[PDB]
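In structure tokens, one chain follows: the form deposited in one PDB entry.
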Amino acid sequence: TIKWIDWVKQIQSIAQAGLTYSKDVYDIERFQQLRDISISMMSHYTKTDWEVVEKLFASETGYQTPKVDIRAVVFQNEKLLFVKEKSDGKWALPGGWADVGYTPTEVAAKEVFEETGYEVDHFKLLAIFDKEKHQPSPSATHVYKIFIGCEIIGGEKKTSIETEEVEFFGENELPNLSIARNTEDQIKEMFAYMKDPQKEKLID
């Protein structure tokens, strides 16, 4: 069983919350002890160095919420824009982690420019999917995925020698998907939005 992952995540989150909001020196202290126990459990049951765990799992200030992933949904002539990335050799919509300081649409703009060379605007909110519901894997965190539609208003598509790396793909010729970044049904949903742009915008 790996139910423990969720329990430990909950414990740390509540300890993190306590440390942010408690104003009582003795309870703040209790929360801190509680945070350290959670690091120790995590460190032991993943076989990961304590300080590494503290960094990656318990170094955040303020209340703990899921993290934000942005995916940009760009159509040219009925085909959807994908990028293949280093690790997988598998294809994903342009996007990534949402940066502090940047609005959801700004992250979408930056990631499209960076990953594809295209310049985008006229943004549409299309869906928010829960990562843990749609592409589950044992994970220390929890991820919300915002899909934002964009129109190409400029720039130009990246070029790549000997490797295909940025293409548009049609509904019946989808490439090998990076499931962690987008599931098949998530992609399908964007085509359903394509064929009927006024439909229910999905939220998990």
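Position 1 is the first residue in the sequence shown; the rest follow in order. We call the rigid core whatever largest set of C-alpha positions still superposes within 1.5 Å between the two forms. Only residues modelled in both forms are compared.
This protein has a second form, the form deposited in another entry, left out of what is shown; the following refers to that one.
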Q: Using a superposition on the rigid core, decide whether the Cα position of residue 136 changes by 2 angstroms or more between the shown form and the other one.
A: yes
Q | Core-aligned C-alpha movement of residue 88 between the shown form and the other one, 2 Å or more | A | yes
Q) Does the C-alpha of residue 159 move 2 Å or more between the shown form and the other one once the rigid core is lined up? A) yes
Q: Tell me whether residue 117 and residue 135 end up closer or farther apart in that other deposited form, going by their C-alpha atoms; the shift is 3 Å or more.
A: farther
Q) Given that the distance between the C-alpha atoms of residue 160 and residue 115 changes by 3 Å or more in that other deposited form, do they end up closer or farther than here? A) closer
Q: Three or more consecutive residues, each Cα shifted by 2 Å or more between the shown form and the other one after core superposition: list those runs for me in sequence order.
A: 86 to 88, 134 to 136, 159 to 164
